[PDB]
Structures are given as C-alpha cells and as structure tokens.
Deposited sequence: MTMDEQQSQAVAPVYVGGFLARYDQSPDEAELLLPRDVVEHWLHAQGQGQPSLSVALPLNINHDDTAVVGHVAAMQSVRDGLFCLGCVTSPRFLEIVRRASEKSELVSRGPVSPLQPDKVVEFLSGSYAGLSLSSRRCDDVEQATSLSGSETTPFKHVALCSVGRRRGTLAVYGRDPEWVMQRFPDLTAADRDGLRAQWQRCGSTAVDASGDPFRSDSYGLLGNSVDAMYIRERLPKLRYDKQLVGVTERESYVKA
C-alpha cells in the first residue's frame, strides 16, 4: 500500500528540446539559437504544460525550467499527475520490458522505467518559426515515443539533480540557471484507453528506435546511466 504510494510519487523529466548543431528533416523544425533566446526573453511567467503527445486532455505536469545552453535548448519538467502516475503504476506492472529492470547499479523504478520506454522523447510545441521573423511563443512540451527534432531524448528520474547530471553537455553554470528556475489539482483529463490508443500511433513512426539511439549517443546518455530503454 505504501510501495504503490512510493511509485506514484512525482517523476522528473529533462532533455534537449533542440540541439542547435542539428539540421532538421523538415524546414518548419528550424529553431535557431538567436530565435530561442529572443522568444525565451519575450515570455518565464506561468509554467508551460507537459502533456502526452500534445494532447490537451493528457496534461500530466508542467515544465519547471527552460534554458538555452551552448548545444541547444534544455528543459526540466515534472510529472505531478496522480491519475496519470497511477495509470503508469498499474500498466508498468504488466510490462515484461519493465520486469527485466534497469542496468545493475540502478534500482528498479517501475513507473520511471515505464515512462522511459513509452515516452522516450520530448517534443516542443511553439510558434511557427518561418524565414524572415523571430508574448508567448513557447506553448507546451509533449512527452512522446520520439521527437521530430533529433537529440531530444527524454531522461526520467525521481530527482531533478539526478536527471540533470545525466547529460554530459550541461555545465555547472547551466544547471545553476535551471535550478534557479525550479527554485487546481490533477490536470489529466484522459485515461488508460486514451493512452492505449496513443500506443498504436507511436508503433508506426518509421525508424523510431534508430532515432533514439542516435539521440542517446548524440546527447551522451550512452556514456552515463539511467533508465533509458532506447
């Protein structure tokens, strides 16, 4: 009864929403450093919502921190939704992937390990950044199977310090900026059928796994350790 309450505790997510050194597969995915910065400055006020694959009825949390760093944009969000966390707790109990558990030194975390296999990537939702122009341009972040912009792997953890330390690229100064940022109840308006449904979409996205390893290597989570299942 308490173990279940232990797993249902808040989960933290962090990742690059965009790695400046990467050329998109689609022109509309262009988000330059000068643009990010200007936008970041124009907006942070209220906390952007964190949702499941951009669905407005699947808000699981909020983004706690946003920070343009040398290699791209970084975000730190927190999954605080009781219902979502419970759905994940329940479902994790039924996955053979989760069952195999993490890599040695890491302790099992069914909920974190579930979100990590499923929603292995972050995806920002923002203003149309098109040639010749560059308020609230950042709309929301979305947890999804993969991202359209490479290098947006999602690192899940129970401690914002822990997840942050997973990315070799970040620097003390970076983490400071972020930390300083984090320093009506349950927003989820969907359910297990809703997420079961979403599960099929992700299953037809071409080269998802190959993208995720590319992302893993790129961001460096390879040369570290987490519950990344990709």
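Residues of the deposited sequence lacking C-alpha coordinates, counted from 1, fall in the stretches 1 to 3, 47 to 52, 144 to 151, 201 to 209.
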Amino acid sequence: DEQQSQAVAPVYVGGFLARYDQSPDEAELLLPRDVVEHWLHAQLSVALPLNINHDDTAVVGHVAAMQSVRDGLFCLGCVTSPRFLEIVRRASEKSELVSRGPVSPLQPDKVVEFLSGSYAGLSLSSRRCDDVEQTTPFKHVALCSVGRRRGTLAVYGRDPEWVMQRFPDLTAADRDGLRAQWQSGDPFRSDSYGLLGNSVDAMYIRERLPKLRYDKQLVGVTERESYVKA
From here on, numbers count along this sequence of modelled residues.
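As the entry records it, the average C-alpha temperature factor is higher for 22 to 30, out of 22 to 30 and 188 to 196.
Note on 204 to 212 vs 10 to 18: mean CA B-factor is higher in 204 to 212. Set against one another, the Cα B-factors of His140, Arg158, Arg127, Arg83 in the record reach their highest point at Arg127.
As recorded in the entry, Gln134 carries the highest CA temperature factor of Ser95, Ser116, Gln134, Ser123. When the modelled residues of the chain are ordered by their C-alpha B factor, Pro49 lands in the lowest third. When the modelled residues of the chain are ordered by their C-alpha B factor, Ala180 lands in the highest third. Compared with the other modelled residues of the chain, the Cα B-factor recorded for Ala42 ranks in the highest third. Among the modelled residues of the chain, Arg90 sits in the middle third by CA temperature factor in this PDB entry. For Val112, the recorded CA B-factor ranks within the lowest third of the chain. Only modelled residues enter the ranking.
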